[PDB]
Amino acid sequence: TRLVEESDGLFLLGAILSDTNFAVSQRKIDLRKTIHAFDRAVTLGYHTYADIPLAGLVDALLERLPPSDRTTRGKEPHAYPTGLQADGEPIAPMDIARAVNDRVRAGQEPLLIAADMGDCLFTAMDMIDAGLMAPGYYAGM
Amino acid sequence: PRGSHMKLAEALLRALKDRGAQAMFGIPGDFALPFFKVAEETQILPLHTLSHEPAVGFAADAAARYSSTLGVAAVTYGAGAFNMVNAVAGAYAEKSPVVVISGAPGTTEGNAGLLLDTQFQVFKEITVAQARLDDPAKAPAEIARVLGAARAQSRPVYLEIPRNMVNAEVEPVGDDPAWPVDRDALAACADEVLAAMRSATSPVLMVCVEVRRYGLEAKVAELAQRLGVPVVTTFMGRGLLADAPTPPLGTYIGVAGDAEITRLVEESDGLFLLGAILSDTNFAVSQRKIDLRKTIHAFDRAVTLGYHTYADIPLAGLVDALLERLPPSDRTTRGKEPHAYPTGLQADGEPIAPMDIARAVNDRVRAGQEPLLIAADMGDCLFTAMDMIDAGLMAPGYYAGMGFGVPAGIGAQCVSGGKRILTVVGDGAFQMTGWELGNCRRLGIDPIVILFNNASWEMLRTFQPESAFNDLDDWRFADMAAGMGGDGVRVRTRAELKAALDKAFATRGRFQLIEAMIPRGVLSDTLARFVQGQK
Amino acid sequence: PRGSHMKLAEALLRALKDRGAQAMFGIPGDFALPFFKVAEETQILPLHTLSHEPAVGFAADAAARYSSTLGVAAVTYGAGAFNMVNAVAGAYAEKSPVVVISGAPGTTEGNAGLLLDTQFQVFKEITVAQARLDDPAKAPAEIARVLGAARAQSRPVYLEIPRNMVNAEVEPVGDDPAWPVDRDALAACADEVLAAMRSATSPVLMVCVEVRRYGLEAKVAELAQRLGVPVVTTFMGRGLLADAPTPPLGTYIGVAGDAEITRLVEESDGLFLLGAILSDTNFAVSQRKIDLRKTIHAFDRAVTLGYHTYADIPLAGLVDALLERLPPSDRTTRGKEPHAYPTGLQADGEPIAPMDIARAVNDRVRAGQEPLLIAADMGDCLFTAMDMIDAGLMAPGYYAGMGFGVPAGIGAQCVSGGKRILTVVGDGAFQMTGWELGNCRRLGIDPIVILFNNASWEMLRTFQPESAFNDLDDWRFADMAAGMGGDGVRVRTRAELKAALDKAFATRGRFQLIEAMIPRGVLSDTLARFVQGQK
Amino acid sequence: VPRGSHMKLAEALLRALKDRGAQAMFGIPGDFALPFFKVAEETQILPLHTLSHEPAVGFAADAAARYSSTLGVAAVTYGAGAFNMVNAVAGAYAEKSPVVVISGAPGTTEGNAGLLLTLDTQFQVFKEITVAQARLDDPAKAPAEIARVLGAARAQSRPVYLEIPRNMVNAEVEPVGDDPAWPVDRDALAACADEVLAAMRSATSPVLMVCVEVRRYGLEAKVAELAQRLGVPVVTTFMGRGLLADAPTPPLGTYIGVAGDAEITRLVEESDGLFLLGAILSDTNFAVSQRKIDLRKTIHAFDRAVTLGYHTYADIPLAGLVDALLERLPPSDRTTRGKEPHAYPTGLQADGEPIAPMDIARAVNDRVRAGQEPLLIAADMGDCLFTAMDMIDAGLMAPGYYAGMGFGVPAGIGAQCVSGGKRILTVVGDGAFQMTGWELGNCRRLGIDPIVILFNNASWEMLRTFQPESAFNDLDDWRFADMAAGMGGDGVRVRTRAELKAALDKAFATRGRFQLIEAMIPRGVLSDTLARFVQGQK
Ligand SMILES: Cc1ncc(Cc2c([C@H](C)O)sc(CCOP(=O)(O)OP(=O)(O)O)c2C)c(N)n1
Ligand SMILES: Cc1ncc(Cc2c([C@H](C)O)sc(CCOP(=O)(O)OP(=O)(O)O)c2C)c(N)n1
Ligand SMILES: Cc1ncc(Cc2c([C@H](C)O)sc(CCOP(=O)(O)OP(=O)(O)O)c2C)c(N)n1
Ligand SMILES: [Cl-]
Ligand SMILES: [Cl-]
Ligand SMILES: [Cl-]
Ligand SMILES: [Mg+2]
Ligand SMILES: [Mg+2]
Ligand SMILES: [Mg+2]
């Protein structure tokens with residue numbers, strides 16, 4: 001959150017901008033230093049370039065950048081909760097996350113997850129998936 | 001003088017109660033939480049929540065129709081409000097004043113351009129008046145204007161309330177602004193209408209939806225007696241003037257109705273459509289089937305005949321003006337024989353057909369049971385309910401949208417003050433909104449629901465039998481009833497049906513679901529006549 | 001097929017030209033610069049700039065009226081557009097289709113909340129249709145819809161163009177969307193109107209503003225001949241049917257007009273107001289002075305009589321329908337004596353009175369000068385111009401707003417194709433907009449302007465003589481003329497007046513300003529009759 | 001129905017206005033307004049000044065309000081008269097000036113001319129450009145309505161609208177009382193004041209901006225005290241120009257966007273603690289734009305609310321916020337005064353070369369440096385305004401945010417009408433003069449003698465700078481100086497710097513008649529501020 005919101009060169013490549021649930025909000029970033037490529041247009045330095053498809057912009061940037069072997073891979077970012085205590089205590093959302101993750105760590109290929117709006121979605125954010133589909137911005141149940 | 005003030009939300013709730021609203025149905029959301037807090041804390045109007053927004057809209061519509069007053073449907077900004085568009089369109093279509101109250105972002109919260117407002121624009125298409133209450137100084141007058149429009153045109157209205165305005169101090173809401181009438185135009189209108197009714201060889205007075213919505217039954221019974229012409233009701237005027245000196249000869253529902261009634265209406269050269277919705281809809285009076293050079297259409301505060309229109313003529317005003325020009329009368333037609341309803345259910349081991357369901361209900365009534373108001377969904381359940389003895393029939397007869405049934409029965413029973421409601425619904429429609437019955441326990445009601453399960457979208461099969469997509473699975477609805485707090489029973493024979501209906505009426509406290517298995521290809525008599533008529 | 005496209009601004013200009021627009025008047029600004037660039041570069045429509053926005057609006061209105069076509073007024077966002085609100089309201093009031101085109105911030109430039117849009121909302125109150133052209137895909141259809149409304153109702157419309165949309169590629173603009181008419185309703189309307197005219201003891205056909213705006217003079221001359229009833233014009237119908245088989249008996253202008261004409265109109269029991277603006281305005285036909293149970297009001301695409309209205313009836317359609325129901329005729333009334341205008345100016349050393357100005361103009365005409373169209377401002381100059389022989393009279397006769405005069409004369413001469421225009425204006429009105437004459441050199445025109453200088457707001461003194469605030473200073477207008485490129489001359493005697501008018505007509509190339517000194521307390525005959533009538 | 005007060009409704013209104021500081025009433029009558037103007041003229045409660053065209057009525061009233069930080073009064077007639085003042089009123093709304101619009105109207109029992117189709121078109125249009133409106137058609141309710149509406153104009157410093165049916169002008173009414181009280185959340189005020197101080201203390205580069213509301217509400221003394229105690233850099237917006245000039249911690253300069261001083265612009269735009277005290281926020285000409293600053297680190301106190309840290313505190317009057325902050329800050333002797341910020345151009349070369357805008361600035365400044373007490377300047381929109389930014393003044397009144405033309409001459413007139421003899425210097429371009437400069441014809445009757453410098457470049461030059469390729473920005477030659485005599489003033493056309501110098505001296509030495517100096521300027525020659533403005537758009 002800090003990295004994004006304090007950026008003085010935020011390149012939003014294909015982002016929805018809105019003050020709704022999980023979306024990047026115009027109120028949390030500095031639009032003055034933001035490059036917003038979306039809806040076939042690109043906005044930066046106070047002005048907007050019209051008729052610029054996202055695929056075209058990416059190709060144009062690639063044509064201006066030399067190849068690189070740069071690699072920043074490392075051990076997993078964001079630790080997924082594991083180790084469900086299968087006992088007689090009541091269930092909490094995090095226990096459901098651990099139950100799902102333990103199966104995956106034990107060898108189950110992850111499933112794509114469809115989530116509704118509610119804590120079910122907030123819990124799914126901590127589940128190992130093969131894709132997550134949910135109304136993260138619209139937030140409609 | 002006065003100098004008092006209250007929270008905007010409270011002023012709105014009291015204004016609604018001042019106009020007869022009996023409850024507030026709704027589903028909250030973050031933007032609407034503050035408004036729901038005021039509703040719950042003040043207790044000005046009973047607050048009933050439902051599971052899904054369609055039901056909130058249908059329940060508010062049903063409550064409005066039940067008491068001929070304003071209905072109140074509260075939702076949250078975005079998905080909540082958009083999810084009630086169909087129910088509100090249905091209320092608009094059938095002239096029911098549902099007041100839509102949506103929460104919204106605060107006036108300082110700028111915007112939320114996910115859809116770039118769109119919600120306001122969409123609701124403008126399905127309501128007669130709207131207002132975003134973002135100015136405490138003008139809020140009271142805007143509330144009176146919008147609620148006044150709902151009452152004047154008997155159609156839905158939209159109120160959007162920024163959440164930071166919920167607690168803004170405002171002056172109390174006054175009376176609806178007046179929609180004054182030109183006395184001279186009104187006189188001219190009444191004079192022409194009366195002259196037209198007197199010159200017709202076959203004048204007919206049709207008593208319709210607006211008569212009920214505006215509570216003009218007594219005045220129209222008097223008008224009907226004095227005018228001295230045959231009285232007929234439209235589908236939405238069903239039951240009106242039943243206790244009048246000159247009760248309706250019957251109800252016009254188009255091709256599937258009584259041929260004598262249909263002809264009387266369609267061949268009239270002085271068809272006085274008093275408050276009628278006109279449309280090429282199934283059970284409605286259609287402009288295509290009547291003589292437009294002779295029809296007198298009093299509707300939406302206007303009167304049209306001979307292709308010309310008298311504007312700003314409220315139905316109530318027209319009726320009073322006609323009464324002033326007619327001498328009293330002692331004429332009556334109440335010596336005639338009553339309507340013959342299908343009765344005599346054969347409680348045997350034979351499978352169930354829609355008409356058997358009609359007979360089952362009617363027999364209990366003949367045996368002494370006071371009739372129950374019936375809420376019907378769209379489907380053969382409605383065509384079947386038309387042959388049932390009722391204490392009113394609430395159904396999307398013109399709009400024809402599915403899902404209305406169960407939520408309407410729920411909304412009606414919430415404001416019936418103890419009167420039990422009978423709901424009829426098909427399997428297709430039940431799959432949409434029958435689940436709302438899980439709310440009966442909290443709401444403290446126990447409607448009786450007869451579910452017509454033919455594992456099919458049967459009205460569609462009938463029009464296109466060669467298609468396989470109308471073949472639905474067998475959902476075990478009766479078995480699912482206990483899970484949502486009701487008593488369910490699946491019946492397959494007329495005998496089980498007879499027994500199950502008696503048991504339902506004898507059991508209070510939990511909704512009673514009677515799942516009637518009906519084979520595909522089997523229809524009510526009214527639907528059959530309807531289908532034949534199309535062919 | 002086709003597949004061509006052009007800049008949105010160009011598509012709009014061509015659409016205007018396709019509909020008869022002859023020029024574009026305007027004042028640019030930063031937001032409108034791109035649009036003005038396209039107008040100047042493409043040269044689709046002559047681009048004429050003025051000094052102040054009121055004149056832009058008045059000039060566009062005058063051009064629309066001059067050729068009975070669309071007028072075009074281009075302004076910039078904010079102050080530019082707000083500064084033209086009054087001129088546009090005047091055009092709305094007197095049924096003149098001025099197309100208002102305002103530049104606006106680009107679609108990406110977000111907003112400018114100095115007034116928190118407000119401009120759009122304000123213009124919605126004074127136009128019949130509006131559109132913000134912010135979607136190139138839908139721009140062509142929106143332009144056709146809005147321009148189509150201007151033509152259908154003959155009133156101003158508003159088009160807002162975000163500056164980044166000026167150069168957006170769009171498809172060409174097609175024809176106006178059709179506003180189809182119900183043949184049956186039209187037949188019923190024509191039948192009732194004709195029946196009403198035949199049953200009246202004293203039917204009167206009034207030829208009004210819409211007849212001129214919609215170019216129906218020929219068709220109405222034919223209708224008038226066949227109908228066979230007396231013809232009278234309203235102030236805005238002045239001059240219509242002058243060459244018709246049955247020319248108007250005269251013009252109704254209320255209390256100050258011919259008593260015989262006034263009575264004929266007001267006591268008619270079959271007053272056919274063909275295209276009339278109705279209002280309690282000075283020279284207009286007022287609902288308060290006529291028999292509403294017998295008036296037939298054909299206006300704004302509707303026909304009202306007996307307090308009922310036939311909707312969607314275009315004036316042209318009504319006229320054709322009536323013609324289809326009337327037999328031809330060879331009747332004529334052109335054997336009568338012509339109107340008597342005040343003539344015989346005594347070119348002596350006596351001071352000037354308004355009527356002397358009338359005589360001066362009329363004598364030149366009698367001596368052989370072809371009359372000039374007259375543009376008049378509001379004030380005694382208008383009451384005086386009513387007694388002048390003209391080739392048309394353009395004035396705010398109903399709206400009564402000052403400042404119209406000089407800019408209207410300018411706008412008219414810009415599209416008159418060589419015809420010189422005579423403008424009459426008071427000192428008060430000249431102080432407002434007479435300065436626009438400084439633009440004549442660039443525009444290549446040379447109107448003749450007679451300025452009535454009584455160093456007073458004389459119409460106001462007349463109604464309240466005890467006030468001192470109506471006493472204005474003596475501005476030396478003639479002396480200021482050379483500074484803005486014209487030839488000015490101050491005249492104090494009838495002799496100087498006579499000489500100055502001849503000199504003006506003899507001098508072309510520069511506007512000619514004749515500043516006529518008139519003592520306070522001296523009025524035209526028409527204004528005097530008007531004042532007496534009020535008392 | 002009231003009876004016996006012996007106080008006409010119109011008189012009660014004029015007195016209510018006077019009670020609140022109004023110093024005059026500008027207007028143009030009409031049939032519907034005649035009875036109201038009669039009461040104004042006969043009672044002389046407020047000096048009555050008529051003008052030629054309604055735009056001037058609105059501009060003059062706005063100027064009178066700005067001049068004395070009080071209510072302005074603009075009276076018009078129903079219909080055309082009122083619609084013709086919509087722009088001037090919108091401009092006052094845009095720049096927070098409380099112009100009280102009073103329009104005559106048909107009597108309550110005579111209906112109206114439905115030419116346009118309270119719900120009347122006029123009322124609906126005015127509701128969009130005013131903060132409160134009232135139709136005084138009920139004598140029993142009029143007193144309270146006037147107090148509510150005039151109170152609204154004073155609470156938010158925006159125009160209001162009053163419509164008076166002509167038959168109500170003389171209706172007896174009870175006296176108008178005090179303004180009703182507007183809400184004030186004392187708890188919110190306390191929390192807000194604490195949060196503001198915390199944010200300013202944690203900021204690396206906090207900046208205090210003194211803006212329009214500070215001037216409108218007469219809070220200069222309190223804000224000077226606050227600025228000294230707060231201890232952060234001080235800057236003013238265009239509408240706050242001149243505020244705190246004599247304080248211990250005066251403004252470092254005035255922020256006006258790219259057109260201004262680069263250092264000032266940088267300080268404001270890079271601030272992580274921008275306290276906008278009473279500022280209009282807009283993307284228009286010289287206003288502080290939400291697009292140039294970081295709203296996340298901005299504290300916006302305006303329109304009786306305060307926004308910071310993503311949230312807004314409602315019902316917090318600016319005066320209350322300032323007092324709350326003072327109560328939380330100990331006294332200080334901190335002083336940051338120093339030699340003049342922003343050097344004013346001087347040393348006009350009075351020779352035979354043509355005139356450039358900067359030469360006009362130097363001519364004016366040299367007189368001041370030679371001992372002439374500065375005059376307040378009224379400027380129209382155009383390079384005349386950009387040039388005025390570099391002129392030593394005793395106040396500058398101009399449409400710096402709204403940027404609507406025509407304000408200039410009428411504002412100078414309105415201001416001098418209430419200046420008690422203090423001469424006003426008006427600067428205006430040729431395009432704007434063609435619109436409303438003619439109002440100078442009213443100077444003699446009004447008893448004023450403004451000095452007017454007309455920048456005649458025969459061009460809509462600011463438009464040329466934006467789109468030089470266009471031919472329509474080329475205007476014709478109008479001999480304005482030659483037309484001055486016809487309007488009762490003295491005019492002179494000057495072409496060289498020497499002629500300019502002489503003409504300015506003559507104008508100043510000649511009172512009694514307005515003095516019009518028509519300065520011929522070649523196209524393509526701009527003031528330094530406009531040049532920076534143009535370069536900044538590249
Ligand atoms: C919301 C909605 N969706 C679709 C339809 C189309 C429709 C009918 C028409 C076109 O309105 S009839 C029908 C089948 C209803 O099935 P059911 O409830 O079980 O009763 P039955 O078996 O008697 O048909 C559908 C889907 C509708 N009316 N409303
Ligand atoms: C824009 C505007 N403002 C005010 C009025 C009110 C008005 C009249 C009415 C109420 O419309 S008549 C009149 C005086 C006009 O003076 P002038 O042009 O010299 O001609 P004359 O001396 O013959 O009066 C005014 C001010 C108006 N009609 N239009
Ligand atoms: C009422 C009105 N109309 C139009 C504009 C647009 C405009 C400018 C911007 C877009 O506001 S700058 C300008 C030219 C002004 O000419 P002038 O008075 O001679 O001064 P200069 O030559 O220095 O430009 C215009 C027309 C405006 N600001 N206000
Ligand atoms: Cl009906
Ligand atoms: Cl007319
Ligand atoms: Cl500011
Ligand atoms: Mg079914
Ligand atoms: Mg005059
Ligand atoms: Mg210029």
Side-chain angles (χ1 to χ4, degrees), chain B residues 238-239 338-369 371-395 405-406 408-409 412-413 420-430 434 437 446-456 458-459 476-478 481 486-502 504-508 510-529:
Chain B
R238 205 153 171 295
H339 179 65
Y341 291 99
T343 55
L345 166 73
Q346 292 186 292
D348 58 38
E350 297 298 304
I352 307 171
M355 295 313 292
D356 293 308
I357 300 182
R359 297 179 198 291
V361 168
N362 296 342
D363 289 342
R364 279 195 55 85
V365 174
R366 286 305 167 67
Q369 181 219 121
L372 294 192
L373 176 143
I374 302 172
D377 211 297
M378 174 55 193
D380 200 23
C381 58
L382 173 53
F383 285 82
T384 300
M386 296 197 273
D387 286 328
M388 292 179 175
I389 305 173
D390 63 59
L393 174 56
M394 191 181 286
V406 165
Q413 188 154 164
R420 202 171 195 181
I421 305 302
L422 171 67
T423 299
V424 295
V425 51
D427 55 306
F430 194 92
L437 290 165
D446 57 358
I448 292 169
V449 183
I450 303 178
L451 196 175
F452 293 36
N453 192 349
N454 45 27
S456 167
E458 200 60 28
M459 285 199 55
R476 296 271 169 166
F477 299 113
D487 299 328
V489 57
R490 173 173 284 207
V491 294
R492 285 178 180 289
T493 70
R494 300 194 290 209
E496 304 178 321
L497 171 63
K498 200 285 185 177
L501 188 69
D502 290 324
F505 273 95
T507 313
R508 301 197 68 53
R510 293 166 67 78
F511 69 83
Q512 302 290 305
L513 182 62
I514 298 166
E515 177 184 24
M517 305 311 297
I518 303 178
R520 291 169 182 169
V522 180
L523 322 172
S524 64
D525 295 338
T526 301
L527 175 57
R529 295 197 301 272

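Labels below follow one simple rule: chain letters A, B, ... track the order of the sequence lines, proteins then strands, and each chain is numbered from 1. Quick note: numbers below take in every heavy atom, side chains included, and nothing from hydrogens, waters or symmetry partners.
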Visitor: When you measure from the side chain of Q512(B) to the backbone N and O of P447(B), does any donor-acceptor pair fall under 3.5 Å?
Guide: no
Visitor: Report yes if the side chains of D390(B) and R238(B) come closer than 4.5 Å at any heavy-atom pair, otherwise no.
Guide: yes
Visitor: Going by side-chain hydrogen bond (donor to acceptor under 3.5 Å, both in side chains), name the pairs with one or both residues in residues 371-385 of chain B, residues two or more places apart or in two chains.
Guide: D380(B)-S524(B)
Visitor: Do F477(B) and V425(B) touch side chain to side chain, with heavy atoms closer than 4.5 Å?
Guide: no
Visitor: Does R359(B) have any side-chain hydrogen bond (donor to acceptor under 3.5 Å, both in side chains) partners at least two apart in sequence or in another chain, and if so, which?
Guide: none
Visitor: Could you tell me whether a side-chain N or O of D356(B) sits under 3.5 Å from a main-chain N or O of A353(B), the two making a donor and an acceptor?
Guide: yes
Visitor: Can you list the residues that meet the side-chain hydrogen bond (donor to acceptor under 3.5 Å, both in side chains) rule with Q346(B), with sequence neighbours excluded?
Guide: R494(B)
Visitor: Sequence neighbours excluded, which residues qualify as ring pair (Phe, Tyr, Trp, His ring centres under 6.0 Å) partners of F383(B)?
Guide: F283(B), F530(B)
Visitor: For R490(B), give me all partners under side-chain hydrogen bond (donor to acceptor under 3.5 Å, both in side chains), at least two apart in sequence or on another chain.
Guide: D474(B), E515(B)
Visitor: Is the backbone N or O of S456(B) less than 3.5 Å from a side-chain atom of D427(B), with the two atoms forming a donor-acceptor pair by type?
Guide: yes
Visitor: Are any non-hydrogen side-chain atoms of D446(B) and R420(B) less than 4.5 angstrom apart?
Guide: yes
Visitor: Do side-chain atoms of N362(B) reach the backbone of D387(B) as a donor and acceptor pair under 3.5 angstrom?
Guide: yes
Visitor: Under a 4.5 Å cut-off applied to non-hydrogen side-chain atoms, are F511(B) and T423(B) in contact?
Guide: no
Visitor: Heavy-atom distance under 4.5 Å between the side chains of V424(B) and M388(B), does that happen here?
Guide: yes
Visitor: List in chain and number order the residues that pass side chain to side chain contact (heavy atoms under 4.5 Å, CB included) with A516(B), two or more places apart in sequence or in another chain; answer none if no residue qualifies.
Guide: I352(B), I357(B), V491(B)
Visitor: Got a sec, which residues hit side-chain hydrogen bond (donor to acceptor under 3.5 Å, both in side chains) with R520(B), two or more places apart in sequence or on another chain?
Guide: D471(B)
Visitor: If we ignore hydrogens and angles and just use 3.5 Å, is the side chain of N453(B) paired with the main-chain N or O of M517(B) as donor and acceptor?
Guide: no
